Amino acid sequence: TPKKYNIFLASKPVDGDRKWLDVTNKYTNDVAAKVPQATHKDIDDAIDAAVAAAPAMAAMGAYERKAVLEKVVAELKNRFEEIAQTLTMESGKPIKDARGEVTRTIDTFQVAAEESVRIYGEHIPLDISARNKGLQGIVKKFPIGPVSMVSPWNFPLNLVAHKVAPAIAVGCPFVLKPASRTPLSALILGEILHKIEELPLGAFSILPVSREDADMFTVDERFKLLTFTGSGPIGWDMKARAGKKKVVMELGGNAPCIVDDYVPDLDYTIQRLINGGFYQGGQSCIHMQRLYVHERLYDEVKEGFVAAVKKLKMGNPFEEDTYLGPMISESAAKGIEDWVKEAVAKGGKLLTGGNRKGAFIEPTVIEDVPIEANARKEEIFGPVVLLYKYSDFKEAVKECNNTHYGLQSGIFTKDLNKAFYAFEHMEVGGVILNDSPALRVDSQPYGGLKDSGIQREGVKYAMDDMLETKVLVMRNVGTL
């Protein structure tokens, strides 16, 4: 029997006579949850409630915002396994990775609780020249207002947290539209926020609707900010239709990694390349898509990496030992199988995997795939790694940048000048030194260059986009 969930409209749980949206177990492909489908009126009413709640949200004391975020931390810790099991069920990700996501979410809210009592301003001298004699200023930051949040399926809890936690830390009311396939994680967050008394009424609304019903999340003038996490083409089109509001875009990536050395050793290096290339079956925005290995290490790395790929346990995501579960859908898995076949037909040498069994697709390693192939050009978002050899370091950095994406890059080096050359010249938001590009700390500035997006997430950075600058220009204040 499927579990009946509630949606959140103006901080309140609702179900009423709304039609049901089915949420399937991505492994068994059977309906495990029933979620109420929100209407156009529900969205319009949620936006009006957020506008009405904006003065009360802005009026809250720093300690009140802190108390709200600390209560979320407490409840997440208390419902840890329940959330992890739900995460695995609705996304198809292994249980160890689902537990990791709950731990990261706890850290996200904890950082936000600490940052809520730290929104500093400036006292600025304004008597920079003779005509400005007797002028001083106070620069303070104020909430932007109602926030529109649109999140993807791959991290249905932590990527919602990277939007929700900064909004509460600042005092911004919001309306969240989670991914239809993975809404449960966002709804459990709504269940936690609902029973917090310090959070004013209408501060939040969580409405899981399909993309053809969620147009207001983009265009509506009542939102002062749109924060989107998802695919590049969808995001860029949303920015174009957004109107006057500010925009934050967390989009796709085609992440490369340079291996110039083994740091600290070969076993650890391969263990981190495996993580980058196949964490969550490569269904990550910072998945290590491309691997560039120096010629003197090429054969030793190729042998060790391929052997480690073949050793990866694929199956039921509920099992502890499972490294990679199934893809979000059979359709997604078919697309990866097609792109692997095309890459091989275009000149690529298939080292391992490439075969499909329903929603399951084998961990794949393809050598020397040309730029004309979709597997090299476009974001794969699958358990596929593209192997390349290089002889000159400068040319490898140029190859890393030979993409329309620019999220993160990785570099394995014991060399001081190579490490800083890569930091200077890699056209990304984040350069990972002596780890794969798949590394993210929740406090770091995270975001992309080029088609990977605009602006930065990471709690204190996301809070900045949710804050507007105001200056009090004071003329001879203190003159009796």
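Numbering starts at 1 and runs along the sequence shown.
Here 356-364 and 234-242 are compared by their mean Cα B-factor, and 356-364 comes out higher. Stretch comparison (343-351 versus 189-197) by mean CA B-factor in the PDB entry places 343-351 on top.
Per the PDB record, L324 has a higher Cα B-factor than any other of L324, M149, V247, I286. Of the residues listed, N434, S443, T28, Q455, the entry assigns the biggest Cα temperature factor to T28.
Sort the chain's modelled residues by C-alpha temperature factor and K414 lands in the middle third, per the entry. When the modelled residues of the chain are ordered by their C-alpha B factor, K141 lands in the lowest third. Ranked within its chain, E114 lands in the lowest third, by CA B factor from the PDB record. When the CA B factors of the chain's modelled residues are split into thirds, the value for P166 lands in the lowest one. In this PDB entry, the Cα temperature factor of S210 sits in the top third of its chain's modelled residues, the highest group.
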